[PDB]
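Asker: One file: my_file-v9.cif (mmCIF, C-alpha atoms and all ligand atoms; chains and numbers go by the auth columns).
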```cif
data_data
loop_
_atom_site.group_PDB
_atom_site.id
_atom_site.type_symbol
_atom_site.label_atom_id
_atom_site.label_comp_id
_atom_site.label_asym_id
_atom_site.label_seq_id
_atom_site.Cartn_x
_atom_site.Cartn_y
_atom_site.Cartn_z
_atom_site.B_iso_or_equiv
_atom_site.auth_seq_id
_atom_site.auth_asym_id
ATOM 1 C CA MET A 1 -105.663 -98.529 -16.481 0.00 1 A
ATOM 2 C CA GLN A 2 -104.169 -95.101 -17.065 0.00 2 A
ATOM 3 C CA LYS A 3 -100.960 -94.149 -15.299 0.00 3 A
ATOM 4 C CA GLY A 4 -102.167 -92.446 -12.141 0.00 4 A
ATOM 5 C CA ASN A 5 -104.334 -94.608 -9.915 0.00 5 A
ATOM 6 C CA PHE A 6 -102.911 -97.856 -8.593 0.00 6 A
ATOM 7 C CA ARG A 7 -103.940 -98.261 -4.974 0.00 7 A
ATOM 8 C CA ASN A 8 -107.700 -97.925 -5.249 0.00 8 A
ATOM 9 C CA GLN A 9 -107.668 -94.158 -4.889 0.00 9 A
ATOM 10 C CA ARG A 10 -107.762 -92.921 -1.313 0.00 10 A
ATOM 11 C CA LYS A 11 -104.809 -93.178 1.042 0.00 11 A
ATOM 12 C CA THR A 12 -101.344 -91.705 0.653 0.00 12 A
ATOM 13 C CA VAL A 13 -100.979 -88.447 -1.238 0.00 13 A
ATOM 14 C CA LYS A 14 -102.346 -85.270 0.300 0.00 14 A
ATOM 15 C CA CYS A 15 -105.411 -83.131 -0.295 0.00 15 A
ATOM 16 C CA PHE A 16 -104.298 -79.670 -1.346 0.00 16 A
ATOM 17 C CA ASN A 17 -107.878 -78.511 -0.943 0.00 17 A
ATOM 18 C CA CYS A 18 -108.401 -79.224 2.737 0.00 18 A
ATOM 19 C CA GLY A 19 -104.856 -80.180 3.662 0.00 19 A
ATOM 20 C CA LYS A 20 -105.636 -83.681 4.873 0.00 20 A
ATOM 21 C CA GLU A 21 -103.055 -86.335 4.090 0.00 21 A
ATOM 22 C CA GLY A 22 -104.521 -89.446 2.510 0.00 22 A
ATOM 23 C CA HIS A 23 -106.686 -88.072 -0.273 0.00 23 A
ATOM 24 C CA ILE A 24 -106.250 -85.526 -3.041 0.00 24 A
ATOM 25 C CA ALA A 25 -108.059 -82.325 -3.935 0.00 25 A
ATOM 26 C CA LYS A 26 -109.609 -84.179 -6.848 0.00 26 A
ATOM 27 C CA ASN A 27 -110.874 -86.621 -4.249 0.00 27 A
ATOM 28 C CA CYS A 28 -111.902 -83.854 -1.880 0.00 28 A
ATOM 29 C CA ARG A 29 -115.464 -84.612 -0.848 0.00 29 A
ATOM 30 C CA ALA A 30 -115.580 -81.068 0.471 0.00 30 A
ATOM 31 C CA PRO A 31 -115.435 -78.639 -2.461 0.00 31 A
ATOM 32 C CA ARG A 32 -115.514 -74.860 -2.258 0.00 32 A
ATOM 33 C CA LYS A 33 -115.085 -71.634 -4.191 0.00 33 A
ATOM 34 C CA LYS A 34 -114.010 -73.086 -7.517 0.00 34 A
ATOM 35 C CA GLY A 35 -116.092 -70.277 -8.966 0.00 35 A
ATOM 36 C CA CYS A 36 -115.534 -69.303 -12.581 0.00 36 A
ATOM 37 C CA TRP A 37 -113.363 -66.219 -12.253 0.00 37 A
ATOM 38 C CA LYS A 38 -114.073 -65.593 -15.917 0.00 38 A
ATOM 39 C CA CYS A 39 -117.843 -65.267 -15.899 0.00 39 A
ATOM 40 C CA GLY A 40 -118.181 -65.155 -12.131 0.00 40 A
ATOM 41 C CA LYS A 41 -120.361 -68.249 -12.108 0.00 41 A
ATOM 42 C CA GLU A 42 -119.508 -69.577 -8.668 0.00 42 A
ATOM 43 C CA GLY A 43 -120.113 -73.166 -9.705 0.00 43 A
ATOM 44 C CA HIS A 44 -118.880 -74.034 -13.176 0.00 44 A
ATOM 45 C CA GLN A 45 -115.296 -73.752 -14.361 0.00 45 A
ATOM 46 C CA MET A 46 -113.456 -72.849 -17.543 0.00 46 A
ATOM 47 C CA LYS A 47 -113.531 -76.480 -18.608 0.00 47 A
ATOM 48 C CA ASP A 48 -117.285 -76.180 -18.222 0.00 48 A
ATOM 49 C CA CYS A 49 -117.462 -72.533 -19.218 0.00 49 A
ATOM 50 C CA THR A 50 -119.678 -72.296 -22.277 0.00 50 A
ATOM 51 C CA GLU A 51 -118.699 -68.644 -22.450 0.00 51 A
ATOM 52 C CA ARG A 52 -116.053 -67.339 -24.821 0.00 52 A
ATOM 53 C CA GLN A 53 -116.139 -63.555 -24.841 0.00 53 A
ATOM 54 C CA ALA A 54 -118.682 -62.705 -22.169 0.00 54 A
ATOM 55 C CA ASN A 55 -121.472 -63.067 -24.700 0.00 55 A
HETATM 56 ZN ZN ZN B . -109.966 -82.661 0.873 0.00 101 A
HETATM 57 ZN ZN ZN B . -117.423 -69.358 -16.916 0.00 102 A
#
```
Re-express the file's structure as structure tokens.
Answerer:
Amino acid sequence: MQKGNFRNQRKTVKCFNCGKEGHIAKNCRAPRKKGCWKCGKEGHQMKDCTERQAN
């Protein structure tokens, strides 16, 4: 597998989203905000932003 996950997933590390040691933000089962600050779409992100120049 890719260089990143080795011990299942959970455990160790720390969640920089909630601040709970054991999991990561990417493994945060409790999302929030993460609202496109480009279009304002409080759901999708730039990686999922089909918008380029507003249009
Ligand atoms: Zn979390
Ligand atoms: Zn967007």
Asker: Under the PyMOL selection byres (((not hetatm)) within 7 of (chain A and resi 102)), which residues of this model are included? Write them out as JSON, numbers by chain.
Answerer: {"A": [36, 37, 38, 39, 40, 41, 44, 45, 46, 48, 49, 50, 51]}
Asker: Can you list what the PyMOL selection byres (((not hetatm)) within 8 of (chain A and resi 101)) grabs from this structure, as a ChimeraX atom specification?
Answerer: /A:15-20,23-31
Asker: List as a PyMOL selection string the protein and nucleic acid residues near residue 33 in chain A, meaning an atom at most 8 Å away when all atoms listed in the file are counted, but skip any in the same chain fewer than 2 places from it.
Answerer: chain A and resi 31+35+42-43
Asker: Write out as number ranges by chain each polymer residue whose atoms come within 6 Å of residue 22 in chain A, counting all atoms listed in the file; drop sequence neighbours fewer than 2 positions from it.
Answerer: A: 11-14
Asker: Go ahead and write the residues just picked, C-alpha atoms, as a PDB file, keeping the file's coordinate frame.
Answerer:
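Full text of selection25.pdb as output:
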```
ATOM      1  CA  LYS A  11    -104.809 -93.178   1.042  1.00  0.00           C
ATOM      2  CA  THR A  12    -101.344 -91.705   0.653  1.00  0.00           C
ATOM      3  CA  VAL A  13    -100.979 -88.447  -1.238  1.00  0.00           C
ATOM      4  CA  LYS A  14    -102.346 -85.270   0.300  1.00  0.00           C
TER       5      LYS A  14
END
```
Asker: Work out where the centre of an axis-aligned box around every listed atom of range 35-48 of chain A lies and how long its edges are once 5 Å is added on each side; give both in Å to one decimal as JSON.
Answerer:
```
{"center_x": -116.9, "center_y": -70.8, "center_z": -13.6, "size_x": 17.0, "size_y": 21.3, "size_z": 19.9}
```
Asker: Please rebuild range 14-37 of chain A with N, CA, C and O atoms and return the result as a short mmCIF file (atom, residue, chain, number, x, y, z; two decimals), in the frame of the given file.
Answerer:
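Ended up saving to part_12.cif:
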```cif
data_model
loop_
_atom_site.label_atom_id
_atom_site.label_comp_id
_atom_site.auth_asym_id
_atom_site.auth_seq_id
_atom_site.Cartn_x
_atom_site.Cartn_y
_atom_site.Cartn_z
N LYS A 14 -101.84 -86.29 -0.61
CA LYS A 14 -102.35 -85.27 0.30
C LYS A 14 -103.35 -84.38 -0.44
O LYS A 14 -103.17 -84.09 -1.62
N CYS A 15 -104.38 -83.98 0.28
CA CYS A 15 -105.41 -83.13 -0.30
C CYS A 15 -104.96 -81.67 -0.17
O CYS A 15 -104.84 -81.15 0.94
N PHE A 16 -104.73 -81.06 -1.32
CA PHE A 16 -104.30 -79.67 -1.35
C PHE A 16 -105.50 -78.72 -1.31
O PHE A 16 -105.35 -77.52 -1.54
N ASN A 17 -106.65 -79.29 -1.01
CA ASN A 17 -107.88 -78.51 -0.94
C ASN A 17 -108.24 -78.26 0.52
O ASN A 17 -108.62 -77.15 0.89
N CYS A 18 -108.10 -79.31 1.32
CA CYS A 18 -108.40 -79.22 2.74
C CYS A 18 -107.08 -79.24 3.51
O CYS A 18 -106.93 -78.54 4.51
N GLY A 19 -106.16 -80.06 3.03
CA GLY A 19 -104.86 -80.18 3.66
C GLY A 19 -104.78 -81.45 4.52
O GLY A 19 -104.00 -81.51 5.46
N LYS A 20 -105.60 -82.42 4.15
CA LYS A 20 -105.64 -83.68 4.87
C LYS A 20 -104.87 -84.74 4.08
O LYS A 20 -105.20 -85.01 2.92
N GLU A 21 -103.87 -85.31 4.72
CA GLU A 21 -103.06 -86.34 4.09
C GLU A 21 -103.85 -87.64 3.97
O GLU A 21 -104.45 -88.10 4.94
N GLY A 22 -103.82 -88.20 2.77
CA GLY A 22 -104.52 -89.45 2.51
C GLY A 22 -105.26 -89.39 1.17
O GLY A 22 -105.21 -90.33 0.39
N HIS A 23 -105.94 -88.27 0.95
CA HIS A 23 -106.69 -88.07 -0.27
C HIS A 23 -106.13 -86.87 -1.03
O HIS A 23 -105.23 -86.18 -0.54
N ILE A 24 -106.68 -86.64 -2.21
CA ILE A 24 -106.25 -85.53 -3.04
C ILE A 24 -107.40 -84.53 -3.19
O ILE A 24 -108.54 -84.83 -2.82
N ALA A 25 -107.07 -83.37 -3.73
CA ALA A 25 -108.06 -82.32 -3.94
C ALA A 25 -109.14 -82.83 -4.90
O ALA A 25 -110.31 -82.50 -4.75
N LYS A 26 -108.70 -83.62 -5.86
CA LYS A 26 -109.61 -84.18 -6.85
C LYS A 26 -110.53 -85.19 -6.17
O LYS A 26 -111.59 -85.52 -6.70
N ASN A 27 -110.10 -85.65 -5.01
CA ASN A 27 -110.87 -86.62 -4.25
C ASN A 27 -111.43 -85.95 -2.99
O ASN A 27 -111.87 -86.63 -2.06
N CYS A 28 -111.40 -84.62 -3.01
CA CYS A 28 -111.90 -83.85 -1.88
C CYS A 28 -113.43 -83.87 -1.93
O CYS A 28 -114.03 -83.31 -2.84
N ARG A 29 -114.02 -84.52 -0.93
CA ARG A 29 -115.46 -84.61 -0.85
C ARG A 29 -116.05 -83.31 -0.30
O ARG A 29 -117.26 -83.20 -0.12
N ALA A 30 -115.16 -82.36 -0.05
CA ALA A 30 -115.58 -81.07 0.47
C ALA A 30 -115.04 -79.96 -0.43
O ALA A 30 -113.98 -79.39 -0.17
N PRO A 31 -115.82 -79.67 -1.51
CA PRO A 31 -115.44 -78.64 -2.46
C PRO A 31 -115.67 -77.24 -1.88
O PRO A 31 -116.12 -77.11 -0.74
N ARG A 32 -115.35 -76.24 -2.68
CA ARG A 32 -115.51 -74.86 -2.26
C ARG A 32 -115.06 -73.91 -3.36
O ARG A 32 -114.38 -74.32 -4.31
N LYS A 33 -115.45 -72.65 -3.22
CA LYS A 33 -115.08 -71.63 -4.19
C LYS A 33 -115.20 -72.22 -5.60
O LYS A 33 -116.31 -72.38 -6.12
N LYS A 34 -114.05 -72.52 -6.18
CA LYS A 34 -114.01 -73.09 -7.52
C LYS A 34 -115.05 -72.38 -8.39
O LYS A 34 -115.72 -73.02 -9.20
N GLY A 35 -115.15 -71.08 -8.20
CA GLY A 35 -116.09 -70.28 -8.97
C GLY A 35 -115.42 -69.65 -10.19
O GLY A 35 -114.36 -69.03 -10.07
N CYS A 36 -116.06 -69.84 -11.34
CA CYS A 36 -115.53 -69.30 -12.58
C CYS A 36 -115.16 -67.84 -12.35
O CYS A 36 -116.03 -67.00 -12.10
N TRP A 37 -113.86 -67.57 -12.45
CA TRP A 37 -113.36 -66.22 -12.25
C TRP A 37 -113.33 -65.53 -13.62
O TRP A 37 -112.70 -64.48 -13.77
#
```
